[PDB]
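What follows is the content of target.cif (mmCIF, C-alpha atoms and all ligand atoms).
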```
data_input
#
loop_
_atom_site.label_atom_id
_atom_site.label_comp_id
_atom_site.auth_asym_id
_atom_site.auth_seq_id
_atom_site.Cartn_x
_atom_site.Cartn_y
_atom_site.Cartn_z
CA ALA A 1649 -69.56 -14.87 -56.50
CA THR A 1650 -70.98 -12.66 -53.72
CA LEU A 1651 -68.36 -9.88 -54.10
CA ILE A 1652 -67.85 -9.63 -50.33
CA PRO A 1653 -64.46 -9.77 -48.55
CA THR A 1654 -64.18 -11.80 -45.37
CA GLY A 1655 -60.73 -12.28 -43.86
CA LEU A 1656 -58.87 -9.25 -42.49
CA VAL A 1657 -56.21 -9.36 -39.77
CA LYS A 1658 -54.76 -6.04 -38.65
CA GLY A 1659 -51.07 -5.17 -38.59
CA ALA A 1660 -49.09 -3.38 -35.88
CA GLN A 1661 -49.94 -0.19 -34.01
CA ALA A 1662 -46.48 0.70 -32.67
CA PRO A 1663 -42.92 -0.21 -33.68
CA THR A 1664 -40.96 -2.57 -31.47
CA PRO A 1665 -37.53 -1.23 -30.47
CA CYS A 1666 -34.48 -3.40 -30.97
CA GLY A 1667 -33.41 -5.06 -27.74
CA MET A 1668 -30.19 -4.54 -25.86
CA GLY A 1669 -27.27 -6.06 -27.73
CA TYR A 1670 -29.08 -5.70 -31.06
CA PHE A 1671 -29.29 -2.84 -33.54
CA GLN A 1672 -31.00 -1.93 -36.81
CA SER A 1673 -29.77 0.66 -39.30
CA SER A 1674 -32.22 -0.07 -42.13
CA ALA A 1675 -35.48 1.87 -42.17
CA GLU A 1676 -38.30 -0.52 -43.11
CA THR A 1677 -37.43 -3.97 -41.76
CA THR A 1678 -38.77 -6.82 -39.64
CA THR A 1679 -35.83 -7.89 -37.45
CA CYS A 1680 -32.74 -6.82 -35.51
CA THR A 1681 -29.09 -7.73 -36.07
CA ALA A 1682 -26.84 -8.84 -33.24
CA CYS A 1683 -23.99 -6.45 -33.79
CA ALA A 1684 -20.46 -7.56 -34.47
CA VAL A 1685 -17.33 -7.99 -32.36
CA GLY A 1686 -15.66 -4.95 -30.84
CA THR A 1687 -19.01 -3.16 -30.56
CA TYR A 1688 -21.93 -3.18 -28.13
CA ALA A 1689 -25.48 -1.87 -27.72
CA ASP A 1690 -26.60 -1.09 -24.16
CA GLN A 1691 -29.87 0.70 -25.01
CA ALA A 1692 -33.10 -0.49 -26.58
CA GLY A 1693 -33.70 1.08 -29.98
CA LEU A 1694 -30.24 1.90 -31.35
CA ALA A 1695 -29.72 2.92 -34.97
CA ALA A 1696 -26.12 1.67 -34.88
CA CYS A 1697 -24.33 0.05 -31.96
CA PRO B 1892 83.16 -43.66 35.11
CA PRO B 1893 81.75 -43.06 31.61
CA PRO B 1894 79.16 -40.29 31.07
CA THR B 1895 75.89 -41.21 32.85
CA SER B 1896 72.97 -41.97 30.55
CA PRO B 1897 70.15 -39.58 29.61
CA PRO B 1898 66.61 -39.28 31.01
CA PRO B 1899 63.54 -41.04 29.55
CA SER B 1900 62.25 -39.26 26.42
CA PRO B 1901 58.84 -37.61 26.67
CA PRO B 1902 55.48 -38.88 25.37
CA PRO B 1903 54.15 -37.44 22.07
CA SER B 1904 52.61 -33.96 22.47
CA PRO B 1905 48.88 -33.31 22.14
CA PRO B 1906 46.87 -32.44 19.01
CA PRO B 1907 45.61 -29.03 17.81
CA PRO B 1908 42.17 -27.77 19.00
CA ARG B 1909 40.17 -28.92 15.90
CA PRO B 1910 38.21 -26.58 13.61
CA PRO B 1911 34.71 -25.08 13.99
CA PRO B 1912 31.42 -26.05 12.28
CA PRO B 1913 30.22 -24.86 8.86
CA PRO B 1914 27.88 -21.85 8.55
CA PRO B 1915 24.33 -22.75 7.43
CA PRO B 1916 23.10 -22.51 3.81
CA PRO B 1917 20.98 -19.57 2.57
CA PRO B 1918 17.17 -19.93 2.33
CA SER B 1919 16.35 -21.91 -0.85
CA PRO B 1920 14.95 -20.12 -3.92
CA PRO B 1921 11.24 -19.75 -4.68
CA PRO B 1922 9.13 -22.09 -6.85
CA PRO B 1923 8.62 -21.05 -10.51
CA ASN B 1924 5.59 -18.72 -10.64
CA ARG B 1925 2.64 -20.53 -12.16
CA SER B 1926 0.84 -19.23 -15.23
CA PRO B 1927 -2.67 -17.77 -15.51
CA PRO B 1928 -5.51 -19.77 -17.15
CA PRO B 1929 -6.98 -19.73 -20.68
CA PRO B 1930 -9.62 -17.13 -21.64
CA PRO B 1931 -13.14 -18.63 -21.91
CA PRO B 1932 -14.76 -19.20 -25.35
CA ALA B 1933 -16.61 -16.44 -27.23
CA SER B 1934 -20.15 -16.28 -25.90
CA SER B 1935 -23.22 -16.17 -28.11
CA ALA B 1936 -25.60 -13.26 -28.57
CA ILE B 1937 -27.92 -12.56 -25.65
CA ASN B 1938 -31.64 -13.24 -25.93
CA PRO B 1939 -33.49 -10.82 -28.24
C1 LIG A 2001 73.30 -44.92 29.25
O1 LIG A 2001 74.26 -44.05 28.47
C2 LIG A 2001 75.61 -44.04 29.05
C3 LIG A 2001 76.54 -43.39 28.06
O2 LIG A 2001 75.90 -43.29 26.81
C4 LIG A 2001 76.16 -45.44 29.35
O3 LIG A 2001 76.54 -46.06 28.12
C5 LIG A 2001 75.16 -46.32 30.05
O4 LIG A 2001 75.68 -47.68 30.08
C6 LIG A 2001 73.85 -46.33 29.37
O5 LIG A 2001 72.94 -47.13 30.15
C1 LIG A 2002 64.44 -38.83 24.07
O1 LIG A 2002 64.65 -37.72 25.07
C2 LIG A 2002 65.67 -38.07 26.07
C3 LIG A 2002 65.91 -36.89 26.97
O2 LIG A 2002 65.20 -37.08 28.17
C4 LIG A 2002 66.99 -38.49 25.43
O3 LIG A 2002 67.54 -37.36 24.76
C5 LIG A 2002 66.78 -39.60 24.45
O4 LIG A 2002 68.04 -39.86 23.76
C6 LIG A 2002 65.76 -39.27 23.44
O5 LIG A 2002 65.51 -40.44 22.64
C1 LIG A 2003 54.47 -31.62 23.62
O1 LIG A 2003 54.06 -32.46 24.80
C2 LIG A 2003 55.05 -33.51 25.10
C3 LIG A 2003 54.63 -34.21 26.36
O2 LIG A 2003 53.35 -34.75 26.16
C4 LIG A 2003 56.45 -32.93 25.28
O3 LIG A 2003 56.45 -32.12 26.46
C5 LIG A 2003 56.84 -32.08 24.11
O4 LIG A 2003 58.13 -31.46 24.38
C6 LIG A 2003 55.85 -31.02 23.85
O5 LIG A 2003 56.25 -30.28 22.69
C1 LIG A 2004 17.49 -24.72 -1.45
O1 LIG A 2004 18.66 -23.78 -1.62
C2 LIG A 2004 19.55 -23.80 -0.46
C3 LIG A 2004 20.75 -22.94 -0.75
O2 LIG A 2004 20.34 -21.84 -1.51
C4 LIG A 2004 20.03 -25.21 -0.15
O3 LIG A 2004 20.82 -25.66 -1.26
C5 LIG A 2004 18.88 -26.15 0.02
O4 LIG A 2004 19.40 -27.50 0.15
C6 LIG A 2004 17.96 -26.13 -1.14
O5 LIG A 2004 16.81 -26.94 -0.81
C1 LIG A 2005 3.12 -18.99 -17.61
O1 LIG A 2005 3.20 -17.69 -16.86
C2 LIG A 2005 4.20 -17.73 -15.77
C3 LIG A 2005 4.37 -16.34 -15.23
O2 LIG A 2005 3.59 -16.21 -14.06
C4 LIG A 2005 5.56 -18.24 -16.24
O3 LIG A 2005 6.13 -17.28 -17.13
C5 LIG A 2005 5.44 -19.55 -16.97
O4 LIG A 2005 6.74 -19.92 -17.50
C6 LIG A 2005 4.48 -19.46 -18.09
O5 LIG A 2005 4.35 -20.77 -18.67
#
```
If you convert what's in this file into structure tokens, what do you get?
Amino acid sequence: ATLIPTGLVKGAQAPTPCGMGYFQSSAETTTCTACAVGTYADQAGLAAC
Amino acid sequence: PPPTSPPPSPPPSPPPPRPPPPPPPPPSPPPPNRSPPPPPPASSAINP
């Protein structure tokens, strides 16, 4: 009726790195994967453990 | 006269000197070595 938008909530300013023990090989995603047996991830922000 | 008689026969001789004692046994064997324990279960993923 009044042609005015009201509710905006901003997104993220910086990307969170995957924690130790977790990895992420996909580009645009919203989570990390605990990586499988026989492998490990000892740094934060690993493309593949 | 006839032949004079003989002298009194002796008493029975003594025994041998009897044997020695047995040597001891060797130190007994060891006990069967025990076995290690079971590996713990697979742990879960650490906190994210
Ligand atoms: C001992 O022996 C002799 C002869 O053998 C004789 O007969 C004695 O009379 C006896 O005592
Ligand atoms: C035991 O010995 C004597 C010797 O002194 C005599 O020969 C006996 O006849 C015997 O029995
Ligand atoms: C063993 O000893 C006896 C006496 O005890 C006698 O002398 C035997 O002639 C001897 O062999
Ligand atoms: C242990 O072994 C030794 C001999 O090796 C002996 O038989 C002991 O009686 C036994 O306990
Ligand atoms: C467990 O291991 C020990 C070795 O220390 C031994 O072989 C046992 O027989 C086994 O059950």
Could you work out an axis-aligned bounding box for all listed atoms of ligand LIG 2005 (chain A), with 6 Å added on each of the six sides, and give its centre and edge lengths in Å to one decimal, as JSON?
```
{"center_x": 4.9, "center_y": -18.5, "center_z": -16.4, "size_x": 15.6, "size_y": 16.6, "size_z": 16.6}
```
Checklist entry - Which residues sit within 12 Å of ligand LIG 2003 (chain A), counting all atoms listed in the file, listed as a count of residues only? => result 9
Next on the checklist: Show me which residues line ligand LIG 2004 (chain A), defined as having an atom within 8 Å of a ligand atom where only C-alpha atoms and all ligand atoms count, and present them as number ranges by chain.
Outcome noted: B: 1916-1920
Return as a PDB file with C-alpha atoms, keeping the file's coordinate frame the residues belonging to chain B that are within 7 Å of chain A, counting only C-alpha atoms.
```pdb
ATOM      1  CA  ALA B1936     -25.600 -13.260 -28.570  1.00  0.00           C
ATOM      2  CA  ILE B1937     -27.920 -12.560 -25.650  1.00  0.00           C
ATOM      3  CA  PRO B1939     -33.490 -10.820 -28.240  1.00  0.00           C
TER       4      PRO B1939
END
```
Next on the checklist: List the spatial neighbours of residue 1697 of chain A as a ChimeraX atom specification - criterion: any atom at most 6 Å away, only C-alpha atoms, same-chain residues fewer than 6 positions off excluded.
Outcome noted: /A:1671,1688-1689
Checklist entry - Would you name the residues within 12 Å of ligand LIG 2001 (chain A), counting all atoms listed in the file, and put them as a PyMOL selection string? => result chain B and resi 1892-1899
At most 9 Å from ligand LIG 2005 (chain A) (only C-alpha atoms and all ligand atoms): residue list as a PDB file with C-alpha atoms, keeping the file's coordinate frame:
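Dumped to result.pdb:
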```
ATOM      1  CA  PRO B1923       8.620 -21.050 -10.510  1.00  0.00           C
ATOM      2  CA  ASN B1924       5.590 -18.720 -10.640  1.00  0.00           C
ATOM      3  CA  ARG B1925       2.640 -20.530 -12.160  1.00  0.00           C
ATOM      4  CA  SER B1926       0.840 -19.230 -15.230  1.00  0.00           C
ATOM      5  CA  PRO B1927      -2.670 -17.770 -15.510  1.00  0.00           C
ATOM      6  CA  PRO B1928      -5.510 -19.770 -17.150  1.00  0.00           C
TER       7      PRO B1928
END
```
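Note that the spacing between atom CA of residue 1696 of chain A and atom CA of residue 1932 of chain B amounts to 25.6 Å.
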Checklist outcome for this item: In Å and to one decimal, atom CA of residue 1663 of chain A is distant from atom CA of residue 1692 of chain A by 12.1 Å
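Picture a line from atom CA of residue 1930 of chain B to atom CA of residue 1690 of chain A; it runs 23.5 Å.
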Missing atoms of segment 1665-1685 of chain A rebuilt to N, CA and C atoms, written as a compact mmCIF listing (two decimals), in the coordinates of the input:
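File produced: out_35.txt:
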```txt
# COMPACT_ATOMS: atom_id res chain seq x y z
N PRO A 1665 -38.94 -1.64 -30.44
CA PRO A 1665 -37.53 -1.23 -30.47
C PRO A 1665 -36.61 -2.44 -30.35
N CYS A 1666 -35.47 -2.34 -31.03
CA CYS A 1666 -34.48 -3.40 -30.97
C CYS A 1666 -33.97 -3.56 -29.54
N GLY A 1667 -33.82 -4.80 -29.11
CA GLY A 1667 -33.41 -5.06 -27.74
C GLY A 1667 -31.96 -4.69 -27.49
N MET A 1668 -31.57 -4.79 -26.23
CA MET A 1668 -30.19 -4.54 -25.86
C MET A 1668 -29.29 -5.60 -26.47
N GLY A 1669 -28.15 -5.17 -27.01
CA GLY A 1669 -27.27 -6.06 -27.73
C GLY A 1669 -27.59 -6.22 -29.20
N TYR A 1670 -28.68 -5.62 -29.67
CA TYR A 1670 -29.08 -5.70 -31.06
C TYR A 1670 -29.30 -4.30 -31.60
N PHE A 1671 -29.14 -4.14 -32.91
CA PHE A 1671 -29.29 -2.84 -33.54
C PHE A 1671 -29.93 -3.03 -34.91
N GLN A 1672 -30.39 -1.92 -35.48
CA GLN A 1672 -31.00 -1.93 -36.81
C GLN A 1672 -30.79 -0.58 -37.46
N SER A 1673 -30.06 -0.57 -38.58
CA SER A 1673 -29.77 0.66 -39.30
C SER A 1673 -30.61 0.84 -40.56
N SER A 1674 -31.29 -0.21 -41.02
CA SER A 1674 -32.22 -0.07 -42.13
C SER A 1674 -33.53 0.53 -41.64
N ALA A 1675 -34.26 1.15 -42.56
CA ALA A 1675 -35.48 1.87 -42.17
C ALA A 1675 -36.66 0.92 -42.02
N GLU A 1676 -37.09 0.30 -43.11
CA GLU A 1676 -38.30 -0.52 -43.11
C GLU A 1676 -37.87 -1.99 -43.10
N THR A 1677 -37.93 -2.61 -41.93
CA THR A 1677 -37.43 -3.97 -41.76
C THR A 1677 -38.25 -4.68 -40.69
N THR A 1678 -37.97 -5.97 -40.51
CA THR A 1678 -38.77 -6.82 -39.64
C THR A 1678 -37.92 -7.61 -38.65
N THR A 1679 -36.72 -7.13 -38.32
CA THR A 1679 -35.83 -7.89 -37.45
C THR A 1679 -34.77 -6.95 -36.88
N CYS A 1680 -33.93 -7.49 -36.01
CA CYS A 1680 -32.74 -6.82 -35.51
C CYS A 1680 -31.52 -7.68 -35.79
N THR A 1681 -30.36 -7.05 -35.84
CA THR A 1681 -29.09 -7.73 -36.07
C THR A 1681 -28.24 -7.66 -34.81
N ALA A 1682 -27.84 -8.82 -34.30
CA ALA A 1682 -26.84 -8.84 -33.24
C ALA A 1682 -25.54 -8.27 -33.77
N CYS A 1683 -25.06 -7.19 -33.15
CA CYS A 1683 -23.99 -6.45 -33.79
C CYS A 1683 -22.63 -7.03 -33.44
N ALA A 1684 -21.66 -6.75 -34.31
CA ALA A 1684 -20.46 -7.56 -34.47
C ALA A 1684 -19.50 -7.37 -33.30
N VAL A 1685 -18.34 -8.03 -33.40
CA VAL A 1685 -17.33 -7.99 -32.36
C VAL A 1685 -16.73 -6.59 -32.27
```
